[PDB]
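Structure first, commentary second.
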Amino acid sequence: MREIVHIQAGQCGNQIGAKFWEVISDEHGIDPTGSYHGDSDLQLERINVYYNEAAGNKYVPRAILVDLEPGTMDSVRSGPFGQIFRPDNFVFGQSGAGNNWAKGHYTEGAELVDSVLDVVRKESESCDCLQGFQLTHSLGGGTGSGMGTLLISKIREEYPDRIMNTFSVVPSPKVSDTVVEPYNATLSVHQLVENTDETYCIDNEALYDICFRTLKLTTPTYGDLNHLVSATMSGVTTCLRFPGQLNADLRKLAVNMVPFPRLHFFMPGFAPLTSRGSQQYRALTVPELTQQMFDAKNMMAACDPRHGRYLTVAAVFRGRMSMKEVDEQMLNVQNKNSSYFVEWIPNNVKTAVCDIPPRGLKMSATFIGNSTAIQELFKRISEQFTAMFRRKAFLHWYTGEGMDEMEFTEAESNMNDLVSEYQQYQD
Amino acid sequence: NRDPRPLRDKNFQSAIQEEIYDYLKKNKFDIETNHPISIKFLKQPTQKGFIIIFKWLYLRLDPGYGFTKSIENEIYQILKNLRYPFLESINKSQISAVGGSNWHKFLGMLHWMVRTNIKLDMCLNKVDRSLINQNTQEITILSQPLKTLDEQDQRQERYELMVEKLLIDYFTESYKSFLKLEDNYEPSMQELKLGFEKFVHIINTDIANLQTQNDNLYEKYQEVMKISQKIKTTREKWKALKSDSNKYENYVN
Amino acid sequence: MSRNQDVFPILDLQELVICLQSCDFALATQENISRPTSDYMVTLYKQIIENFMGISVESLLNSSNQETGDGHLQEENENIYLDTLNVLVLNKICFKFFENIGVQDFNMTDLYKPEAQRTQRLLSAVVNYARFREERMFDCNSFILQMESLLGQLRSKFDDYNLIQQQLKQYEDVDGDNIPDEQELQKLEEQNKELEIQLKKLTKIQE
Amino acid sequence: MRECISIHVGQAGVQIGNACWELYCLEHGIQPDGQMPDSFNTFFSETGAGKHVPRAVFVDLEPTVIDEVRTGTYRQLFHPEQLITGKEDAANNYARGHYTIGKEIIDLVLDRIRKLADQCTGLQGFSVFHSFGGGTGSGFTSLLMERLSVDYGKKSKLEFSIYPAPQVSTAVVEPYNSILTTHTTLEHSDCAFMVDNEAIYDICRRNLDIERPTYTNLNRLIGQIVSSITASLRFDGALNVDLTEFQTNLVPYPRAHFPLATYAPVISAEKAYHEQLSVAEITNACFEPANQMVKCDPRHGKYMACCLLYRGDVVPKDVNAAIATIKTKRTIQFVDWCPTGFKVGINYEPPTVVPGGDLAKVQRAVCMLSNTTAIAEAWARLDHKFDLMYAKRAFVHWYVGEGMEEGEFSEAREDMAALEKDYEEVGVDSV
Amino acid sequence: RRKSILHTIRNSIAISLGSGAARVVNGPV
Ligand SMILES: CC(=O)O[C@H]1C(=O)[C@@]2(C)[C@H]([C@H](OC(=O)c3ccccc3)[C@]3(O)C[C@H](OC(=O)[C@H](O)[C@@H](NC(=O)c4ccccc4)c4ccccc4)C(C)=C1C3(C)C)[C@]1(OC(C)=O)CO[C@@H]1C[C@@H]2O
Ligand SMILES: Nc1nc2c(ncn2[C@@H]2O[C@H](COP(=O)(O)OP(=O)(O)OP(=O)(O)O)[C@@H](O)[C@H]2O)c(=O)[nH]1
Ligand SMILES: Nc1nc2c(ncn2[C@@H]2O[C@H](COP(=O)(O)OP(=O)(O)O)[C@@H](O)[C@H]2O)c(=O)[nH]1
Ligand SMILES: [Mg+2]
């Protein structure tokens with residue numbers, strides 16, 4: 001089969017992964033004790049993708065919960081679905097990273113990175129045919145970005161063949177909760193470019209706006225944002241777990257979208273999302289889902305797709321729909337907005353259809369778009385970084401922690417080069 | 001700044017193909033890199049062929065530099081550190097895909113490579129030729145006469161430099177002998193002794209020439225003093241006789 | 001990347017620094033090698049290439065450049081041409097020396113993108129060569145003393161020749177302003193004889 | 001004693017074959033578990049207990065669709081060894097299907113196909129079902145066709161492919177794989193009947209009066225066409241044409257072996273009840289340009305050869321009258337060097353109706369297979385969609401890194417640069 | 001620079017806390 005190892009670092013990654021495991025456990029009919037209780041034979045036909053079996057007919061997730069501080073970990077341990085994990089997989093430090101890329105990457109992270117490399121190696125040898133790794137983290141933190149980049153590098157030099165799929169919470173300009181975000185983000189992008197095959201860029205501001213306008217929530221806490229990100233994660237790999245007319249796995253999706261090795265920064269999105277009030281009036285139809293796909297407000301990255309041409313698009317549907325409908329929808333979307341799609345790639349959109357809809361739904365859909373405009377999301381960072389680095393602000397921390405000075409210049413240069421790469425194909 | 005070379009031209013492009021192929025063939029590329037080359041192959045490039053050509057073409061610049069994985073990044077770093085001026089018009093992704101339309105520039109880039117190689121050889125031998133000068137020309141400076149203190153100082157400096165060069169060569173030979181787990185300074189000692197004997201012979205010849213010149217100058221100085229005394233006496237006598245003749249002519253006329 | 005086994009052992013940095021300062025260098029300080037940079041490393045290449053065999057970089061660079069730096073042709077890219085030639089020939093001469101001392105993995109990135117490990121290995125090779133050269137100089141200082149004595153004797157001979165020439169050039173006269181010779185004396189004698197004949201004829205007429 | 005072997009490469013082929021085997025099992029009266037409550041000898045071989053096992057081989061590089069076959073209503077129809085699966089799909093990669101992933105399953109599929117061919121006494125050909133647009137359907141089909149042409153160079157091989165549509169294609173790298181599979185669908189094939197998804201969508205929207213066509217309807221219609229082709233070996237009739245005479249009738253030149261398919265009457269229920277089907281009108285509808293299966297207009301091309309398989313009770317004189325009527329019509333233009341362009345076979349067993357299907361019971365039907373130059377207009381379309389990618393070497397790095405050499409792209413395109421002329425030089429008159 | 005190497009060596013003579021060179025076979029041959 002196709003088994004994916006799931007890794008998450010930092011408080012953000014731990015919480016997002018906890019919500020993801022809760023979502024897909026409810027999808028697969030698994031109680032917190034691990035005993036199956038669903039009423040569908042199709043839930044366990046391929047449950048081994050996420051759940052490893054054990055005696056008593058119990059299923060334990062393939063999760064590698066890692067952090068440098070046992071706080072959020074001990075929060076998730078006592079949670080509603082916290083017992084489901086393997087207690088050996090709970091790996092933890094004692095001194096937090098303190099929002100340092102150097103501490104989470106070089107010194108504090110190194111003492112623990114072997115204790116997670118051995119665990120992930122054991123998990124990968126415990127499965128049949130590894131498809132890839134699934135990583136959840138954030139680029140603005142200290143343990144998140146640094147430890148995620150360290151693990152990314154170690155896996156790539158240890159598992160070059162498999163695929164590297166990661167979900168990164170890129171920092172946003174407006175919603176800021178840290179004064180050293182640009183440094184860590186710039187340092188993390190360096191490793192993400194050259195050591196990952198596809199990365200989904202996520203901003204907290206975009207999720208907040210989606211909760212404000214689409215869902216029309218009053219006070220959207222972190223639970224709602226992590227719920228949305230978990231829904232996107234499950235939608236990406238729904239093709240592996242369930243049958244359908246068209247089946248697209250991670251390698252298929254990558255070869256569809258990724259045109260060049262260094263252009264793998266995708267904007268994710270989900271549909272249909274509606275507030276609980278207007279959720280009885282509108283009727284679900286494929287053209288409406290495809291229209292909601294390309295709405296500039298439904299994006300999960302704080303950047304406007306209208307500012308640059310799309311490179312490629314992937315659409316993963318769920319339900320029972322005639323495929324003429326969806327294929328004509330994509331043709332209409334492409335030709336009506338022909339200035340938003342590049343000219344030297346005909347048929348930018350790749351479609352997949354899964355037969356089993358989400359529980360409590362008749363129809364759903366996930367959008368993954370590789371577009372040039374994402375370069376905007378980078379220049380802003382490369383401004384702030386520079387706007388600090390010219391004055392050598394806050395450097396002494398990293399430098400005394402063990403980071404050479406030239407590394408910051410190299411990271412800024414590579415960020416600029418990737419911005420130029422994306423802008424090059426825009427015109 | 002923009003690109004002034006007409007890479008988009010057609011006859012120019014064919015001419016570039018021509019001398020690039022001639023240079024590539026005359027260095028036995030097909031045997032040393034075991035890859036056949038044709039005009040058609042350079043017309044339609046490929047990833048492996050372009051990478052191999054660039055690798056061979058750069059190894060002629062820095063033979064001690066070794067390649068590794070991540071070929072595109074290595075090529076970009078090489079292009080940067082070669083002090084290349086037109087790099088702002090190139091991008092990493094274009095390097096990753098040589099064969100596209102951007103190839104209309106990329107092949108010309110290789111051309112400059114070849115040109116440097118050509119320029120390189122005009123430099124290369126001359127470096128040895130420089131040492132060749134130190135082997136011969138300075139010796140000629142030691143075999144020429146001296147007529148001023150500056151010339152003698154220059155000759156002494158040249159002799160000291162030659163002695164230092166001989167000592168450095170002997171030390172290098174001894175170090176090379178000692179590198180291979182051995183202690184055999186006998187050839188180095190013999191070379192140093194031969195160089196010292198040659199320097200001593202040159203110094204003796206120069207000293208003999210200087211002594212002969214000094215003796216000739218002293219003899220000429222004595223002769224010049226005698227001739228100056230005689231000339232002063234003759235000039236005084238001639239002036240007195242001319243004055244007497246002028247006075248007598250004035251009195252008689 | 002090229003790599004070879006070295007006969008000399010790996011040596012740590014601090015006594016390397018102090019001995020490099022003691023022997024001939026002054027820029028080989030602790031922080032200079034502790035922080036690898038292009039400019040300092042290439043300058044160190046310069047001081048060593050002027051050290052061990054004692055001819056300047058600029059002379060060699062100009063003497064390899066003049067044929068392309070002059071007016072053979074008007075094409076504009078001559079300056080970048082010559083700059084690339086400069087960096088490549090520096091690479092190439094450094095490669096000659098480093099293969100002469102047992103290093104066959106040295107390259108151009110060593111000049112312009114140095115790192116601690118390879119630079120310190122090169123410095124260990126440098127110090128072993130410097131110590132062996134110092135031992136050779138201590139053994140062959142007799143030749144240096146003989147050369148110094150020969151130079152002193154040559155200087156004394158040159159001073160004697162200059163003094164002799166100055167003494168020779170101390171003779172001058174109205175007839176013979178180019179130092180006295182036989183021709184000036186003969187001309188003066190002929191003029192005096194003619195004047196004396198005229199005076200004698202005048203005296204005989206007036207007798 | 002005739003036999004026919006059917007091969008199904010994963011995504012399109014497995015589903016098309018599932019529809020085909022539904023249709024065959026209904027045709028021969030067999031129950032869907034294989035027990036039967038002659039004609040079936042071509043497709044189904046019997047055992048001692050009365051069970052009939054089909055001569056089918058199901059292949060894929062991912063096991064999900066086969067697992068649907070392995071657990072659907074036909075899990076007992078197949079012998080569990082012809083259901084062959086891989087571990088990871090080719091993932092739209094031609095090199096993965098052909099070079100890297102395919103070669104670990106190619107040995108098993110050849111072994112099983114040889115085992116199946118051993119039981120055949122007079123095997124006539126291979127009915128290979130695949131798709132030009134994917135990774136498995138291009139690469140693995142190319143590798144399998146190479147192996148078969150090496151091992152079975154005499155027997156005919158028929159490919160029933162799914163050519164990518166001009167506009168509604170569902171893959172970013174589809175032109176690459178479609179161009180790459182041409183070298184192996186050109187020389188190692190006998191009669192590859194092209195099919196486009198867009199044309200069958202249009203046919204379902206117009207003739208069948210349905211605007212929500214899933215893949216099931218297209219698979220059912222393709223199964224109907226292939227059953228109409230193979231009906232000559234299963235039932236008697238006034239005129240029967242086997243695969244060898246079929247090729248000798250259609251294909252005029254070795255490289256001009258890309259026929260164009262059409263079926264009639266593709267009609268709904270109410271229209272069938274109100275209409276009164278006649279041989280002349282179904283024959284004319286076979287020539288209707290919007291009824292073709294490839295999005296090309298036959299008016300722009302000249303028909304090379306045509307064969308008509310009349311299923312159901314039809315009298316030959318009516319067929320001759322319809323042929324004369326078609327020849328009199330000036331919209332259908334043939335080529336000068338082919339005076340007699342119509343070859344006709346008639347079978348006495350009318351088409352079956354699948355319960356829950358969309359095609360009503362018709363006492364008669366007709367399948368048209370026409371070799372013509374109009375199909376050339378299809379090729380050029382992909383020759384555009386290929387170029388706009390290869391002009392920038394867009395996705396080449398995804399194939400070169402899997403075992404492919406970049407030049408093999410251009411060479412494949414070069415083959416089209418020849419093949420077009422093979423539909424153009426012969427298009428010119430003799431003088 | 002007029003600082004002659006031979007003259008400087010003679011003046012210095014008339015290891016700087018070191019040793020007279022070394023030669024050891026490398027283990028990782
Ligand atoms: C009767 C019915 O339709 O129930 C729905 C529902 O009413 C609607 C309106 C739901 C509802 O969603 C929301 O209002 C919402 C709230 C916060 C954040 C996002 C959405 C629902 O909450 C969403 C929830 O949907 C699911 O459970 C999905 O399958 C989803 N599951 C979870 O998120 C989940 C989390 C924890 C435990 C169990 C399930 C999912 C989707 C894709 C992949 C995996 C899981 C359910 C049942 C409903 C409500 C409760 C009203 C809608 O959302 C979803 C995600 O389907 C809003 O528009 C859709 C359409 C649905 O019809
Ligand atoms: N007519 C028809 N075509 C189908 C059907 N299923 C898939 N296809 C075709 O398959 C094409 C997409 O190819 P893929 O999804 O990559 O499947 P594949 O060709 O086997 O390649 P892989 O996914 O690597 O196995 C589409 O363009 C469809 O035309 C079907 O049921 N009927
Ligand atoms: N999307 C999302 N973002 C979060 C969540 N929690 C924290 N963040 C953001 O992630 C950034 C990094 O914070 P943190 O997780 O403490 O960094 P770490 O120490 O490296 O793990 C902060 O700026 C937060 O705004 C969460 O639950 N969801
Ligand atoms: Mg497939």
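Order determines the names: the first chain of the structure tokens is A, the second B, and so forth; residues in each chain are numbered 1 upward, and ligands are numbered 1 upward as they are shown.
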Exercise for the section: Based on DSSP run over this structure's backbone, return all residues of range 111-217 of chain D in alpha helix (DSSP H), as JSON, numbers by chain. Expected result: {"D": [111, 112, 113, 114, 115, 116, 117, 118, 119, 141, 142, 143, 144, 145, 146, 147, 148, 149, 150, 151, 174, 175, 176, 177, 178, 179, 180, 182, 183, 184, 185, 186, 197, 198, 199, 200, 201, 202, 203, 204, 205, 206, 215, 216, 217]}
Generate a file of the selected residues that holds C-alpha atoms, formatted as a PDB file, in the first residue's frame.
```
ATOM      1  CA  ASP D 111       3.873 -15.196 -17.816  1.00  0.00           C
ATOM      2  CA  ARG D 112       0.119 -15.027 -17.251  1.00  0.00           C
ATOM      3  CA  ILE D 113      -0.656 -14.030 -20.849  1.00  0.00           C
ATOM      4  CA  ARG D 114       1.462 -16.941 -22.101  1.00  0.00           C
ATOM      5  CA  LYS D 115      -0.421 -19.279 -19.764  1.00  0.00           C
ATOM      6  CA  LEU D 116      -3.703 -17.991 -21.198  1.00  0.00           C
ATOM      7  CA  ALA D 117      -2.482 -18.255 -24.800  1.00  0.00           C
ATOM      8  CA  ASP D 118      -1.453 -21.871 -24.196  1.00  0.00           C
ATOM      9  CA  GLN D 119      -5.093 -22.932 -23.814  1.00  0.00           C
ATOM     10  CA  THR D 141       1.363  -0.452 -22.635  1.00  0.00           C
ATOM     11  CA  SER D 142       4.424   0.408 -24.730  1.00  0.00           C
ATOM     12  CA  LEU D 143       6.566  -2.095 -22.825  1.00  0.00           C
ATOM     13  CA  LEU D 144       3.902  -4.811 -23.022  1.00  0.00           C
ATOM     14  CA  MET D 145       3.381  -4.241 -26.749  1.00  0.00           C
ATOM     15  CA  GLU D 146       7.138  -4.489 -27.309  1.00  0.00           C
ATOM     16  CA  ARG D 147       7.251  -7.784 -25.413  1.00  0.00           C
ATOM     17  CA  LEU D 148       4.199  -9.142 -27.245  1.00  0.00           C
ATOM     18  CA  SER D 149       5.511  -8.196 -30.692  1.00  0.00           C
ATOM     19  CA  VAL D 150       8.776  -9.912 -29.768  1.00  0.00           C
ATOM     20  CA  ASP D 151       7.036 -13.066 -28.508  1.00  0.00           C
ATOM     21  CA  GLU D 174      -0.863  14.518 -21.076  1.00  0.00           C
ATOM     22  CA  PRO D 175       0.629  15.699 -24.424  1.00  0.00           C
ATOM     23  CA  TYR D 176       4.058  14.416 -23.373  1.00  0.00           C
ATOM     24  CA  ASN D 177       2.886  10.860 -22.695  1.00  0.00           C
ATOM     25  CA  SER D 178       0.579  10.877 -25.716  1.00  0.00           C
ATOM     26  CA  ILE D 179       3.458  11.845 -28.020  1.00  0.00           C
ATOM     27  CA  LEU D 180       5.790   9.338 -26.354  1.00  0.00           C
ATOM     28  CA  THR D 182       3.209   6.921 -30.641  1.00  0.00           C
ATOM     29  CA  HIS D 183       6.395   5.015 -31.488  1.00  0.00           C
ATOM     30  CA  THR D 184       4.927   1.921 -29.815  1.00  0.00           C
ATOM     31  CA  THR D 185       1.370   2.355 -31.082  1.00  0.00           C
ATOM     32  CA  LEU D 186       2.717   2.768 -34.637  1.00  0.00           C
ATOM     33  CA  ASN D 197     -13.761  11.464 -24.338  1.00  0.00           C
ATOM     34  CA  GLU D 198     -15.155  14.740 -25.701  1.00  0.00           C
ATOM     35  CA  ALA D 199     -16.816  13.114 -28.715  1.00  0.00           C
ATOM     36  CA  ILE D 200     -18.591  10.502 -26.604  1.00  0.00           C
ATOM     37  CA  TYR D 201     -19.633  13.246 -24.180  1.00  0.00           C
ATOM     38  CA  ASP D 202     -21.215  15.088 -27.110  1.00  0.00           C
ATOM     39  CA  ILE D 203     -22.865  11.893 -28.380  1.00  0.00           C
ATOM     40  CA  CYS D 204     -24.331  11.214 -24.935  1.00  0.00           C
ATOM     41  CA  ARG D 205     -25.592  14.799 -24.747  1.00  0.00           C
ATOM     42  CA  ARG D 206     -27.194  14.767 -28.209  1.00  0.00           C
ATOM     43  CA  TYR D 215     -17.350   7.215 -17.189  1.00  0.00           C
ATOM     44  CA  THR D 216     -19.718   4.233 -17.016  1.00  0.00           C
ATOM     45  CA  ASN D 217     -21.720   5.313 -20.072  1.00  0.00           C
TER      46      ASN D 217
END
```
Practice task
Kindly work out which residues sit at most 7 Å from ligand 2, using only C-alpha atoms and all ligand atoms, and give the list as a ChimeraX atom specification.
Solution key: /A:245-248 /D:9-12,15-16,60-61,89-93,131-138,162-164,169-171,197,215-216,218-219
Mind dumping a table of every chain E residue within 10 Å of chain B, with the nearest atom pair and its distance in Å to one decimal, using only C-alpha atoms, sorted by chain and rising number, as JSON lines?
```
{"residue": "E:2", "atom": "CA", "partner": "B:157", "partner_atom": "CA", "distance": 9.1}
{"residue": "E:4", "atom": "CA", "partner": "B:160", "partner_atom": "CA", "distance": 7.9}
{"residue": "E:5", "atom": "CA", "partner": "B:164", "partner_atom": "CA", "distance": 7.0}
{"residue": "E:6", "atom": "CA", "partner": "B:164", "partner_atom": "CA", "distance": 6.6}
{"residue": "E:7", "atom": "CA", "partner": "B:160", "partner_atom": "CA", "distance": 9.6}
{"residue": "E:22", "atom": "CA", "partner": "B:178", "partner_atom": "CA", "distance": 9.9}
{"residue": "E:23", "atom": "CA", "partner": "B:181", "partner_atom": "CA", "distance": 7.1}
{"residue": "E:24", "atom": "CA", "partner": "B:181", "partner_atom": "CA", "distance": 8.2}
{"residue": "E:25", "atom": "CA", "partner": "B:181", "partner_atom": "CA", "distance": 8.2}
```
Exercise for the section: When you get a sec, could you note down which chain D residues fall within 12 Å of chain B, using only C-alpha atoms, as number ranges by chain? Expected result: D: 387-401, 404-411
Give me a file of those residues, with N, CA and C atoms, as a JSON list (two decimals), in the first residue's frame.
```json
[["chain", "number", "residue", "atom", "x", "y", "z"],
["D", 387, "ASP", "N", 4.58, 21.08, -28.49],
["D", 387, "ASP", "CA", 5.63, 22.06, -28.78],
["D", 387, "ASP", "C", 5.67, 23.15, -27.73],
["D", 388, "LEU", "N", 4.50, 23.70, -27.38],
["D", 388, "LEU", "CA", 4.44, 24.80, -26.42],
["D", 388, "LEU", "C", 5.04, 24.41, -25.08],
["D", 389, "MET", "N", 5.14, 23.12, -24.78],
["D", 389, "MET", "CA", 5.88, 22.70, -23.60],
["D", 389, "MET", "C", 7.35, 22.49, -23.91],
["D", 390, "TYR", "N", 7.65, 21.74, -24.97],
["D", 390, "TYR", "CA", 9.04, 21.42, -25.26],
["D", 390, "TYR", "C", 9.83, 22.63, -25.73],
["D", 391, "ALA", "N", 9.16, 23.70, -26.14],
["D", 391, "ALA", "CA", 9.86, 24.94, -26.46],
["D", 391, "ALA", "C", 10.52, 25.54, -25.23],
["D", 392, "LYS", "N", 10.08, 25.16, -24.03],
["D", 392, "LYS", "CA", 10.70, 25.62, -22.80],
["D", 392, "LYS", "C", 11.27, 24.50, -21.95],
["D", 393, "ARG", "N", 11.24, 23.26, -22.44],
["D", 393, "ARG", "CA", 11.66, 22.09, -21.67],
["D", 393, "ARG", "C", 10.98, 22.08, -20.30],
["D", 394, "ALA", "N", 9.65, 22.15, -20.33],
["D", 394, "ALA", "CA", 8.88, 22.41, -19.12],
["D", 394, "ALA", "C", 8.97, 21.26, -18.12],
["D", 395, "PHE", "N", 8.45, 20.09, -18.48],
["D", 395, "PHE", "CA", 8.37, 18.97, -17.55],
["D", 395, "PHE", "C", 9.39, 17.88, -17.86],
["D", 396, "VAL", "N", 10.35, 18.16, -18.74],
["D", 396, "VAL", "CA", 11.29, 17.14, -19.18],
["D", 396, "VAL", "C", 12.08, 16.59, -17.99],
["D", 397, "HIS", "N", 12.39, 17.44, -17.02],
["D", 397, "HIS", "CA", 13.16, 17.00, -15.86],
["D", 397, "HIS", "C", 12.43, 15.93, -15.06],
["D", 398, "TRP", "N", 11.11, 15.83, -15.19],
["D", 398, "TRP", "CA", 10.37, 14.79, -14.48],
["D", 398, "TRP", "C", 10.47, 13.44, -15.17],
["D", 399, "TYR", "N", 10.89, 13.40, -16.43],
["D", 399, "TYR", "CA", 11.09, 12.16, -17.17],
["D", 399, "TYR", "C", 12.55, 11.77, -17.27],
["D", 400, "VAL", "N", 13.43, 12.73, -17.53],
["D", 400, "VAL", "CA", 14.86, 12.45, -17.63],
["D", 400, "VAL", "C", 15.38, 11.87, -16.32],
["D", 401, "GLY", "N", 14.86, 12.36, -15.20],
["D", 401, "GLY", "CA", 15.25, 11.84, -13.90],
["D", 401, "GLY", "C", 14.67, 10.49, -13.55],
["D", 404, "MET", "N", 14.56, 8.27, -18.65],
["D", 404, "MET", "CA", 14.36, 8.70, -20.02],
["D", 404, "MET", "C", 15.53, 9.56, -20.49],
["D", 405, "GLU", "N", 15.85, 9.44, -21.77],
["D", 405, "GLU", "CA", 16.79, 10.33, -22.43],
["D", 405, "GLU", "C", 16.01, 11.43, -23.14],
["D", 406, "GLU", "N", 16.51, 12.67, -23.03],
["D", 406, "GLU", "CA", 15.76, 13.82, -23.51],
["D", 406, "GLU", "C", 15.54, 13.75, -25.02],
["D", 407, "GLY", "N", 16.56, 13.32, -25.76],
["D", 407, "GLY", "CA", 16.43, 13.24, -27.21],
["D", 407, "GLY", "C", 15.26, 12.39, -27.66],
["D", 408, "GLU", "N", 14.93, 11.35, -26.88],
["D", 408, "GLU", "CA", 13.83, 10.47, -27.25],
["D", 408, "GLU", "C", 12.52, 11.22, -27.36],
["D", 409, "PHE", "N", 12.39, 12.36, -26.68],
["D", 409, "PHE", "CA", 11.24, 13.23, -26.93],
["D", 409, "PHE", "C", 11.20, 13.66, -28.39],
["D", 410, "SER", "N", 12.24, 14.36, -28.84],
["D", 410, "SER", "CA", 12.24, 14.92, -30.19],
["D", 410, "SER", "C", 12.08, 13.83, -31.23],
["D", 411, "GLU", "N", 12.80, 12.72, -31.07],
["D", 411, "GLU", "CA", 12.66, 11.59, -31.98],
["D", 411, "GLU", "C", 11.20, 11.18, -32.11]]
```
Practice task
Kindly determine which residues of chain A lie within 10 Å of chain C, considering only C-alpha atoms, and give the answer as a ChimeraX atom specification.
Solution key: /A:404-406
Problem - Within 9 Å of ligand 3, counting only C-alpha atoms and all ligand atoms, residues as a VMD selection string - result: chain A and resid 9 to 16 67 to 69 96 to 101 104 137 to 148 168 to 172 175 to 178 181 202 to 205 207 221 to 226 229
Exercise for the section: Could you report the residues within 9 Å of ligand 1, using only C-alpha atoms and all ligand atoms, as an NGL selection string? Expected result: :A and (19-20 or 22-27 or 211 or 215 or 217 or 220 or 223-225 or 227-228 or 230-235 or 238 or 270-280 or 284 or 357-365)
Exercise for the section: Just the residues within 12 Å of residue 415 in chain A, please, counting only C-alpha atoms, with nothing from its chain fewer than 4 positions along; format it as number ranges by chain. Expected result: A: 182-183, 185-194, 262, 375-383, 385-386, 408-411, 419-422
Once you have the residues from the selection above, write them out as a JSON list (two decimals), in the first residue's frame, restricted to C-alpha atoms.
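See out.json below for the written result:
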```
[["chain", "number", "residue", "atom", "x", "y", "z"],
["A", 182, "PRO", "CA", 11.90, 37.59, 9.50],
["A", 183, "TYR", "CA", 15.19, 36.01, 10.57],
["A", 185, "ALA", "CA", 11.54, 32.69, 8.09],
["A", 186, "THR", "CA", 14.47, 33.65, 5.85],
["A", 187, "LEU", "CA", 16.67, 30.95, 7.37],
["A", 188, "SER", "CA", 13.95, 28.30, 6.96],
["A", 189, "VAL", "CA", 13.13, 29.12, 3.33],
["A", 190, "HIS", "CA", 16.74, 28.33, 2.37],
["A", 191, "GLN", "CA", 16.32, 24.71, 3.43],
["A", 192, "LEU", "CA", 12.70, 24.42, 2.27],
["A", 193, "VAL", "CA", 13.62, 25.37, -1.31],
["A", 194, "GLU", "CA", 16.38, 22.81, -1.82],
["A", 262, "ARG", "CA", 12.58, 24.81, -7.34],
["A", 375, "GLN", "CA", 6.61, 35.61, -4.91],
["A", 376, "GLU", "CA", 4.92, 38.58, -3.23],
["A", 377, "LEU", "CA", 4.64, 36.53, -0.03],
["A", 378, "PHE", "CA", 8.44, 36.31, -0.14],
["A", 379, "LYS", "CA", 9.56, 39.87, -0.95],
["A", 380, "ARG", "CA", 7.84, 41.26, 2.14],
["A", 381, "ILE", "CA", 9.91, 38.94, 4.33],
["A", 382, "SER", "CA", 13.07, 39.77, 2.39],
["A", 383, "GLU", "CA", 12.26, 43.41, 3.12],
["A", 385, "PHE", "CA", 14.82, 40.77, 7.19],
["A", 386, "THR", "CA", 16.91, 43.32, 5.32],
["A", 408, "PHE", "CA", 22.18, 35.31, 6.72],
["A", 409, "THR", "CA", 23.51, 36.89, 3.53],
["A", 410, "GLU", "CA", 23.32, 33.53, 1.75],
["A", 411, "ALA", "CA", 19.72, 33.04, 2.89],
["A", 419, "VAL", "CA", 11.61, 35.54, -6.03],
["A", 420, "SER", "CA", 13.31, 36.15, -9.38],
["A", 421, "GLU", "CA", 12.52, 32.56, -10.39],
["A", 422, "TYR", "CA", 8.80, 33.04, -9.77]]
```
